[PDB]
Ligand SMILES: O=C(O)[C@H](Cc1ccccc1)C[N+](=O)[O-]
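What follows is one chain in structure tokens, specifically the form solved without the named molecule.
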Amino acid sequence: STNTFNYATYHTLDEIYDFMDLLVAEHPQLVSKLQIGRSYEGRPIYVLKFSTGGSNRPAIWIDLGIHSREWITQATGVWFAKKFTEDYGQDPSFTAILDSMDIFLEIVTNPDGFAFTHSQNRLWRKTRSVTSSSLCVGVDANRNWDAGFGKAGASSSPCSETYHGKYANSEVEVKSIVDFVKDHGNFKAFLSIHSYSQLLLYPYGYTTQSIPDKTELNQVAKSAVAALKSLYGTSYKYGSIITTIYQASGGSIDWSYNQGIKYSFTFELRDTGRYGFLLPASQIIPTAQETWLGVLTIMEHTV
């Protein structure tokens, strides 16, 4: 059961998918599992929908693990999923959130890369799409979105870790989210979880022009990182993608903000580079916990 599940260790693709089935079984009135597409290599892409009803309620999107090696994110997603089911009807603010909003949680946004990080290459980041006329595989899925696509901040070299693919939304993992979000039509927040560097970022990555909503999103980020910090003292920086970590094109929150999803943020979780992507399992739960406060803080500014 999800009560027996070990949240303080890293899991396989199958173990996470299994976790999802266990959670849906234990909480049929709160969580359901949607398949929004398949991965390049044919794995199902699963989004957990947390909802107390209504129809097409204003929604919060959270993608984790779009970069497969950032294992702290998938691990955080699993923890989040469990916590949603624990806190509804217990926590005032979260109960409040779930009463008015749906949450869509994609724990493994890049299943093919995730399996590859377990079977072949722990540090694999990209999808696993086959590039015609190349010896290399995979696209940086967070450079595949239709926001400044192909512009500086991503690579046209197929062997590059930042290769953006042949055209925006070329990756099924990405098109799947796009089609889902577009069809849903009522997303108010869109959260992309990554590691590492301890950043909370708002758009844009692809351009120096400030977003109209900068003052608000900046305050929200400031609030979020402060809430996150209160737990363990973890220090995050926040700002636009391009002023905080330089130009990046084809990014997810740049796309979503441009769809009118105002509350678009990207988290870069622990740490700052000591362990990097190989963050120790013993940090999974504390990271999850502090990140939760930050996320919850953002959801509150959305309701």
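All residue numbers refer to positions in the sequence shown, first residue = 1.
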item: Higher-B stretch (mean Cα B-factor, as the entry records it), 103-111 or 210-218; value: 210-218
item: Greater mean Cα temperature factor according to the PDB record, 178-186 or 69-77; value: 178-186
item: Residue of maximum C-alpha B factor among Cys136, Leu199, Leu191, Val139, per deposited coordinates; value: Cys136
item: Identity of residue with top Cα B-factor, from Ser39, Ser256, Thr52, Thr266; value: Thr52
item: CA B-factor placement of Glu86, once the chain's modelled residues are sorted into thirds; value: highest
item: Ranked against its chain, the third holding the CA B-factor of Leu278; value: middle
item: Chain thirds of CA B-factor: placement of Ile45; value: lowest
item: Relative C-alpha B-factor of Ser157, binned into the chain's lowest, middle or highest third; value: middle
item: Position of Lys151 among the chain's modelled residues by C-alpha B-factor, lowest, middle or highest third; value: highest
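Beyond what is shown, the protein has a form deposited with the named molecule bound; the following relates to that form.
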{"item": "Option touching the named molecule, based on a heavy atom within 4.5 Å in the entry with it bound, out of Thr127, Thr109, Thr76, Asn142", "value": "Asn142"}
{"item": "Partner contact for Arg270 in the entry with it bound: the named molecule, 4.5 angstroms, heavy atom", "value": "no"}
{"item": "Heavy atom of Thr117 within 4.5 Å of the named molecule in the entry with it bound", "value": "no"}
{"item": "The named molecule contact in the entry with it bound: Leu48, any heavy atom under 4.5 Å", "value": "no"}
{"item": "Non-hydrogen atom contact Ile245 with the named molecule in the entry with it bound at 4.5 angstroms", "value": "yes"}
{"item": "Candidate stretches 167-175, 78-86, 189-197, 213-221, one within 4.5 Å of the named molecule in the entry with it bound by heavy atom", "value": "189-197"}
{"item": "Site test, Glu70, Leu201 and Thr266 vs the named molecule in the entry with it bound, non-hydrogen atom cutoff 4.5 Å", "value": "yes"}
